[PDB]
Ligand SMILES: *[C@@H]1O[C@H](CO)[C@@H](O[C@@H]2O[C@H](CO)[C@@H](O)[C@H](O)[C@H]2NC(C)=O)[C@H](O)[C@H]1NC(C)=O
Ligand SMILES: *[C@@H]1O[C@H](CO)[C@@H](O[C@@H]2O[C@H](CO)[C@@H](O)[C@H](O)[C@H]2NC(C)=O)[C@H](O)[C@H]1NC(C)=O
Ligand SMILES: [Cu+2]
Ligand SMILES: [Cu+2]
Ligand SMILES: [Cu+2]
Ligand SMILES: [Cu+2]
Ligand code: NA
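In PDB author numbering, the protein residues as written are 1 to 499.
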């Protein structure tokens, strides 16, 4: 069952064995992935998060981010630790009480403390549209049509060296998959379809690191949504999906009744499909209960290319049709050395006082804000351009902006910008050496918004900055509840911190 829009959510420790290997985890709702939180566009969500964690090896504090939801007027509910709140301590709870006006699509939720989401705190978050413009393109859209792709580690996250190339031990599709070494024939996920019906498959990357080459033998996939943004129909036979991205695609169950492999090949870790790694099963009703015998092609003839995507609505691009053609044009210097990432020369290390609380206490320019050099102010009601030139080790880096989606004016592996009709999204691969992936948005959402690589190991190694958008209006725009004001006193008391 789906839960929400008003629900409790308990965060607990438990042993799980999604690839046959038992390890302790940090779980929402007792499962990996966590339960789907859902509602309709414009609903009030009130997710009362109960921190019941006791195992210090995965951290007993927590904080949860609602990935891709803009949080306009509710910056305090966004979730990134030490940017918008102090963590929730064990034995306490916190009501994330917000609204989702003007958004409908496929999202997700995850811990936003350290690398804790890698240890298991990740699940889908769907905002349905009762008047969806894509409704006539499919028959079925429900919890059974959500497909999650996850990396899974046998080593606990707080034992992963900072700044290291950290590699997974299994790919999990809907919570199940097989280990790359010591492979056992543990259960594979099954996605069941009825011959003749059309399905809205909601593909969610809940990855902490790898990108996946996703395909379904014998089938193609018609993209209709990108990171919450409705798209024109684009038919492909393979989707390369980076960490934190989402796609909806129409799956037409138009092949003979049978069993077909679902494939998700990560860029690191186990390569191929030996022993059923990197795999799940598409089963038609009436098929024999047996593994597929299908083959992938040697090459995919119609892979997704990001510049092929275009919004369904006439979204256009803000600003002027050239580089620097914005009110506030920025170029970030993104670098890596000696185990640490930096942005504009500064490696991110979380501050003691959350950025939002520093601003509510009266600090009102970005040079007054901590961490020093990690906060950039943005002016209100202005077109912002951010160029993100690649080259830093550990790529391709999927950059994500909180509080906003953005036009992808230039994509990976293509030097040509698009000022007319590029897709809008919230997480974008910045590509490879010499690329100049560039994003644009307008500043109509006061508050501190994190910008970071969504490979969680890279965020932990400092690959982040904070956009303090419209500092002067942050306090009036974002009234805070008493329970939020109580978080930092409680957290600092529990950890013997003086602030
Ligand atoms: C990426 O595009 C940005 C512009 O969006 C380029 O920024 C210019 O950089 C040069 C020095 O390299 C400066 O003289 C200009 O002031 C910058 N802004 C402009 C021209 O609008 C940046 O060089 C590009 N990077 C790469 C690697 O192609
Ligand atoms: C490289 O990106 C550019 C810009 O998004 C793509 O150019 C567009 O190509 C479409 C499809 O043919 C034309 O309708 C547009 O007029 C082009 N726009 C511009 C600004 O040139 C281009 O197709 C991409 N390259 C590849 C190989 O896909
Ligand atoms: Cu996220
Ligand atoms: Cu986010
Ligand atoms: Cu990265
Ligand atoms: Cu974030
Ligand atoms: Na325009």
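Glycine residues also receive a C-beta, built at the ideal position from the N, C-alpha and C atoms.
Own chain partners of residue i with C-beta closer than 7 Å, once the 5 adjacent residues on each side are dropped
i: residue 296; result: 215, 217, 263
i: residue 450; result: 80, 83, 402, 464, 466
i: residue 55; result: 13, 24
i: residue 231; result: 223, 224, 225, 309, 310, 311, 312, 423
i: residue 459; result: 452, 453
Beta-carbon spacing of residue i, residue j below 8 Å
i: residue 385; j: residue 345; result: no
i: residue 157; j: residue 116; result: yes
i: residue 446; j: residue 427; result: no
i: residue 138; j: residue 203; result: no
i: residue 34; j: residue 121; result: yes
i: residue 356; j: residue 15; result: no
i: residue 306; j: residue 165; result: no
i: residue 45; j: residue 5; result: yes
i: residue 243; j: residue 47; result: no
i: residue 49; j: residue 93; result: yes
i: residue 37; j: residue 123; result: yes
i: residue 371; j: residue 351; result: yes
i: residue 343; j: residue 334; result: yes
beta-carbon residue i near ligand 1 non-hydrogen atom, thresh 7 Å
i: residue 286; result: no
i: residue 35; result: no
i: residue 383; result: no
i: residue 438; result: yes
Member of the options whose CA lies at the smallest distance from the CA of residue i
i: residue 337; options: 200, 461, 63; result: 461
i: residue 273; options: 293, 194, 366, 287; result: 293
i: residue 105; options: 134, 80, 89; result: 134
i: residue 229; options: 286, 97, 68, 95; result: 68
i: residue 190; options: 161, 382, 261; result: 261
i: residue 220; options: 143, 199, 53, 231; result: 199
i: residue 152; options: 171, 299, 136, 164; result: 171
i: residue 181; options: 276, 175, 118; result: 276
i: residue 187; options: 27, 431, 21, 359; result: 21
i: residue 89; options: 492, 238, 130; result: 492
i: residue 328; options: 108, 235, 253, 376; result: 376
i: residue 66; options: 85, 46, 108; result: 108
i: residue 265; options: 349, 129, 177; result: 177
i: residue 60; options: 36, 87, 44, 37; result: 87
i: residue 400; options: 441, 379, 373; result: 441
i: residue 477; options: 414, 281, 360, 495; result: 360
i: residue 439; options: 488, 174, 326; result: 326
i: residue 382; options: 29, 63, 320, 2; result: 320
i: residue 299; options: 8, 236, 432; result: 236
i: residue 421; options: 39, 251, 349, 407; result: 407
i: residue 363; options: 468, 394, 398; result: 468
i: residue 209; options: 457, 488, 483; result: 457
Residue i beta carbon near ligand 6 (any heavy atom closer than 7 Å)
i: residue 351; result: no
i: residue 450; result: yes
i: residue 402; result: yes
i: residue 10; result: no
Nonlocal neighbours in the same chain, by C-beta distance under 6 Å from residue i, ignoring five residues either side
i: residue 436; result: 387, 389, 410
i: residue 72; result: 445
i: residue 147; result: 201, 203
i: residue 380; result: 443, 470
i: residue 283; result: 190, 192, 259
i: residue 318; result: 383, 440, 442
i: residue 97; result: 46
Residue i: CB within 7 Å of a non-hydrogen atom of ligand 7
i: residue 318; result: yes
Any non-hydrogen atom of ligand 2 closer than 7 Å to residue i Cβ
i: residue 414; result: yes
i: residue 418; result: yes
i: residue 126; result: no
i: residue 305; result: yes
Closer than 7 Å: residue i CB and nearest ligand 4 heavy atom
i: residue 163; result: no
i: residue 68; result: yes
Closer than 7 Å: residue i CB and nearest ligand 3 heavy atom
i: residue 454; result: yes
i: residue 81; result: no
i: residue 244; result: yes
i: residue 495; result: no
i: residue 458; result: no
Any non-hydrogen atom of ligand 5 closer than 7 Å to residue i Cβ
i: residue 501; result: Since the first residue shown for the chain is 1 and the last is 499, residue 501 is missing from the structure and cannot be characterised.
i: residue 463; result: yes
Sequence-distant residues of its chain with Cβ nearer than 8 Å to residue i (five each side left out)
i: residue 285; result: 192, 193, 194, 195, 257
i: residue 241; result: 149, 203, 205, 211, 212, 214, 247
i: residue 30; result: 10, 12, 14
i: residue 398; result: 211, 242, 243, 244, 245, 427, 428, 429, 430, 453, 454, 455
In chain order, each beta strand (DSSP E) run of at least 3 residues that lies wholly inside the segment 360-419
375-378, 383-387, 398-401, 406-410
List in chain order: all unbroken beta strand (DSSP E) runs of 3+ residues lying wholly within the segment 258-311.
259-266, 279-284
Any chance you could list the alpha helix (DSSP H) runs of at least 4 consecutive residues sitting entirely within the segment 414-478, in chain order?
456-460, 471-477
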